Amino acid sequence: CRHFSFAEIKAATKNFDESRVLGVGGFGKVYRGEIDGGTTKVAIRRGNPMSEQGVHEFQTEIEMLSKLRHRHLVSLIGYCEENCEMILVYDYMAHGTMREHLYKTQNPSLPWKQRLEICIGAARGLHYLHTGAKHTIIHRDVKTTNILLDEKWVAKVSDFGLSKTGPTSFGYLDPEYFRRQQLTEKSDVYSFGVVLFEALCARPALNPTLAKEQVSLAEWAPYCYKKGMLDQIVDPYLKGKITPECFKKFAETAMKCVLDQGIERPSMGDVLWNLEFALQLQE
Ligand SMILES: Nc1ncnc2c1ncn2[C@@H]1O[C@H](COP(=O)(O)OP(=O)(O)OP(=O)(O)O)[C@@H](O)[C@H]1O
Ligand SMILES: [Mg+2]
């Protein structure tokens with residue numbers, strides 16, 4: 001885990017030029033930069049150290065990512081705490097978030113096979129979190145803005161500030177958590193099921209202007225599948241492009257992920273295999 005001086009961060013970002021801002025978020029601004037004499041492109045997060053939440057998320061991200069390595073996780077290159085600052089340095093993901101290629105965007109729509117491969121890549125990253133670290137890691141903030149795409153469209157899970165480990169956003173929250181008050185990796189499975197319906201339906205997980213039954217995609221899409229009308233809320237670009245057996249396998253997998261009770265949901269390894277099976281059924 002590399003430690004950067006603050007002058008390196010300032011140089012990498014061209015003195016935090018607004019030219020290089022990729023976005024703003026609760027933690028702070030995210031900048032595009034380059035390091036190593038310009039051979040490595042980076043995403044640089046500048047937080048606010050006066051904030052308890054920011055400080056807690058900063059330390060959580062470092063303690064988590066400093067020990068993980070996986071093709072489908074964004075890599076932490078380093079950090080800077082110099083001058084009591086909170087800066088995180090990541091691999092740059094040139095194609096942004098999964099969400100920016102699904103809706104409310106002028107990016108072209110993604111072909112179905114590409115969407116399925118993005119979901120498989122994200123599932124492999126989550127499966128690694130649940131089974132490949134020293135203890136189970138619960139991400140706790142799985143959503144389409146926290147799946148990033150690199151220049152070859154490889155999907156990477158990002159944003160670990162809320163994750164939790166060790167043997168103890170609105171439309172993505174596991175409702176069973178508000179009832180059983182327990183932490184389980186099945187809460188990531190739930191969130192990921194919502195991401196799968198987003199890839200298929202190309203609309204927000206939560207749209208608060210709709211009819212009550214439609215507001216939450218986690219409830220609406222299973223309901224439409226049972227009434228034989230899921231095909232009617234599928235992304236218009238996808239209509240006629242999914243084979244019947246792929247569609248059924250994909251939809252049944254997503255429905256199982258958003259069951260009310262976590263004990264009935266599949267593991268991420270089971271989700272991952274069913275998606276790869278769905279991809280074979282598409283061919
Ligand atoms: N490694 C990266 N490479 C390229 N772009 C990134 C990278 N990490 C973040 N970004 C971009 O930075 C922007 C801000 O991301 P941020 O983490 O603030 O999301 P947020 O939705 O504001 O916060 P949260 O989702 O955790 O509430 C997003 O547009 C995202 O595309
Ligand atoms: Mg995010």
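One residue stands out among those in segment 89-109 that are surrounded by 15 or more Cβ atoms within 10 Å (Cβ to Cβ) and small (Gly, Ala, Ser): the one that is farthest from ligand 1 (Cβ to nearest atom), which is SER109. Scanning segment 60-88 for residues that are surrounded by 15 or more Cβ atoms within 10 Å (Cβ to Cβ) and touching a helix residue (DSSP H, G or I) at 6+ places or on another chain (Cβ under 7 Å) turns up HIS70, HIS72, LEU73, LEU76, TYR79, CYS80, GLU85, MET86, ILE87, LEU88.
In segment 74-88, of all residues being over 15 Å from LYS29 (Cα atoms) and in a loop (DSSP other than H, G, I, E, B), the one that is nearest to ligand 1 (Cβ to nearest atom) corresponds to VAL74. Exactly one residue out of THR136, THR97 is under 25 Å from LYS41 (Cα atoms) and in contact with a strand residue (DSSP E or B) (Cβ under 8 Å, 6 or more places away or on another chain), and it is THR97.
Yes or no: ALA254 in a helix (DSSP H, G or I) and under 29 Å from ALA133 (Cα atoms)? Yes. Within segment 182-199, residues that are under 13 Å from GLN261 (Cα atoms) and not assigned by CATH to the domain that holds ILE147 reach no partner that is surrounded by fewer than 24 Cβ atoms within 10 Å (Cβ to Cβ) and not aromatic (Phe, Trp, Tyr) with beta carbons closer than 6 Å at six or more positions or on different chains.
Per-residue answers, yes or no, for (1) outside any helix (DSSP H, G or I); (2) within 16 Å of ligand 1 (Cβ to nearest atom):
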site	(1), (2)
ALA133	yes, no
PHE160	yes, yes
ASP174	yes, no
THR184	yes, no
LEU200	no, no
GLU219	no, no
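Hey, does segment 206-219 have a residue that's touching a helix residue (DSSP H, G or I) at 6+ places or on another chain (Cβ under 6 Å) and more than 30 Å from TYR237 (Cβ to Cβ)? No, segment 206-219 contains no residue that is touching a helix residue (DSSP H, G or I) at 6+ places or on another chain (Cβ under 6 Å) and more than 30 Å from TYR237 (Cβ to Cβ).
Selection within segment 135-158: residues that are of a type in the set (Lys, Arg) and assigned to a loop (DSSP other than H, G, I, E, B). The member of this set that is farthest from ligand 1 (Cβ to nearest atom) is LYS152. The combined condition, being surrounded by 21 or more Cβ atoms within 10 Å (Cβ to Cβ), of a type in the set (A, V, I, L, M), within 16 Å of ligand 2 (Cβ to nearest atom) and in the same structural domain as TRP220 (by CATH), is fulfilled by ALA122. Within segment 23-34, residues that are closer than 13 Å to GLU57 by Cα reach partners that are more than 12 Å from ligand 2 (Cβ to nearest atom) and part of a strand (DSSP E or B) with beta carbons closer than 6 Å, at six or more positions or on different chains, in the pairs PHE27/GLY47; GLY28/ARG46; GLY28/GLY47.
What is reported rests on the model, the rules as stated and the sources as named; these are not laboratory values. For neighbour counting, all protein chains shown are included, and Cβ atoms are generated from backbone atoms with ideal geometry for every residue, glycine included.
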